[PDB]
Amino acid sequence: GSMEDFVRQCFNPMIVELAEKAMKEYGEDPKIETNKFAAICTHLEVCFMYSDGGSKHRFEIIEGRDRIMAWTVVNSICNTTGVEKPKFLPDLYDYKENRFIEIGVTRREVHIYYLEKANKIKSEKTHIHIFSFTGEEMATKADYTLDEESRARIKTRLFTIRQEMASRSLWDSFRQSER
């Protein structure tokens, strides 16, 4: 309710519109599952920030793209690099390291979400990078891909979001709602 308002105020309209569409495609109503709505918005925002954290066009964004375009990007990349085709769409491709990236944002402990992602992925080559809202991070082989300053920007954004939700008394419900 107030969470819906929070989302519409806190996130850029491009992000919010994407999230609304994404949820509706799974039969979920943004105006009802408002915690899910915020979580989806945050994860997308983190994918965009992450993609801007290195050199100009170091990263292809895959999250947020319609399915056809996403798989176009992915098949194309596996075709031009010989890198293995994932079973599920990842979040980005790193041109410098030549590997796909799965981004996780979690309210819980990072190690728990890291393991869930890892054992869902199956693809031996896709890098995993997990962020929490309380400034923790965890990445495959402890390789964090970006420099400390770019990661600090994400971590601080996430902290500010959590503080803002707390300010409005939404943080408790948000945190507990993660399944």
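In this text, the rigid core denotes the largest set of C-alpha atoms whose superposition between the two forms falls within 1.5 Å. Numbers for residues come from their place in the sequence shown, where the first is 1.
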Which of the two stretches, 121-129 versus 138-146, has its Cα atoms farther on average from this form in 4 other deposited structures of this protein when everything is superposed by the rigid core? 121-129
Higher-scoring stretch by recorded Cα B factor average, 24-32 or 39-47: 24-32
141-149 set against 60-68, stretch whose average Cα temperature factor tops the other in the entry: 141-149
The third of the chain into which the C-alpha temperature factor of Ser132 falls is the lowest
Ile161, C-alpha B-factor rank within chain (lowest, middle or highest third): lowest
What third of its chain, lowest, middle or highest, does the C-alpha temperature factor of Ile154 fall into? lowest
Which third, lowest, middle or highest, does the CA B-factor of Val16 fall in along this chain? lowest
